[PDB]
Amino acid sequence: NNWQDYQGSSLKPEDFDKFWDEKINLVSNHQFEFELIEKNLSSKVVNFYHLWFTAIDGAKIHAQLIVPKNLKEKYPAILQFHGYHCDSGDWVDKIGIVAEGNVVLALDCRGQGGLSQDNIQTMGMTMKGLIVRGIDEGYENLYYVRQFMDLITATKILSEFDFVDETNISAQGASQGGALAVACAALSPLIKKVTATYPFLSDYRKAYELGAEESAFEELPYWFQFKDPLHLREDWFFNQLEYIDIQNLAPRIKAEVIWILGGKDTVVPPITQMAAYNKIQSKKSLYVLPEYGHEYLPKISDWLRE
């Protein structure tokens, strides 16, 4: 019941919206060069393509493109994002949803398990963690600033396909993928639907307050342990992360939201995700599996088919 009343712990800066408005404009006015190279996997109902484009910062970004065989008609499209450390997953995992008449764009995050390039440069700590990668040069140099812009760029390219129904584009993902799906719908309001599973990257100040050494937010106490153990720049540190806290993007969402989480999740605490969910103002639904944690959630996928 209190999850409704949790307003979050963020300190949204006045300049937040101007920053992201400018980034949206930059993507819209940029003509992106991309390339499609078919991957050799034999199927009777689907074709597979490597999608390579150059981001606004020069980095080479990779995505999985999975399309039906008949391309003479337009299909609804689904943007799918993956979890921390992982990649876009097995190609065959997309055969079912595209066989129903959909186009899937599975984006690879920069410098993780996939093929996308990380080109963040910094004078500070590069040992571990991608939330704080580049934090010394300010929020403008944060890794997720470019990672969020890849979502807008992927949506732009996906929307301009002659076989993609631009009116029915949706986003889905788990953990980090849930955060990126939420950010993708907020930064590209054309998105019609979002299905986010225990989204990450939310309420950094609260995630630190809970004690994050065993959570997915462990890089935050790690940074203080080795970069600022006396907490001399605590305010400055969390002020940079405000620009990549998805709860600050949540109000801008116009898509329908389906939110799924596990009640025993200690990797991504439910309280930090509710900071973002409570600030969604469009149509939203919240589904909980009490006995499950940061893991595969059964049955819920059949429930939503209805």
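Start at 1 and count along the sequence shown; that's the residue number.
The question of which stretch, 121-129 or 162-170, has the higher mean Cα B factor is settled in favour of 162-170.
With 221-229 and 94-102 compared on mean CA B-factor from the PDB entry, the stretch scoring higher is 94-102. Per the PDB entry, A186 shows the highest C-alpha temperature factor of the residues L115, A216, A207, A186. Remark: of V268, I260, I61, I280, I280 shows the highest value [criterion: C-alpha B-factor in the PDB entry]. Ranked by Cα temperature factor within the chain, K23 sits in the middle third according to the deposited record. Among the modelled residues of its chain, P290 has a C-alpha B-factor that falls in the middle third according to the deposited record.
In the deposited entry, the Cα temperature factor of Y84 sits in the bottom third of values across the chain's modelled residues. When all modelled residues of the chain are sorted by CA temperature factor, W236 is found within the middle third. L65 sits in the lowest third of its chain by CA B factor, as recorded in the PDB entry.
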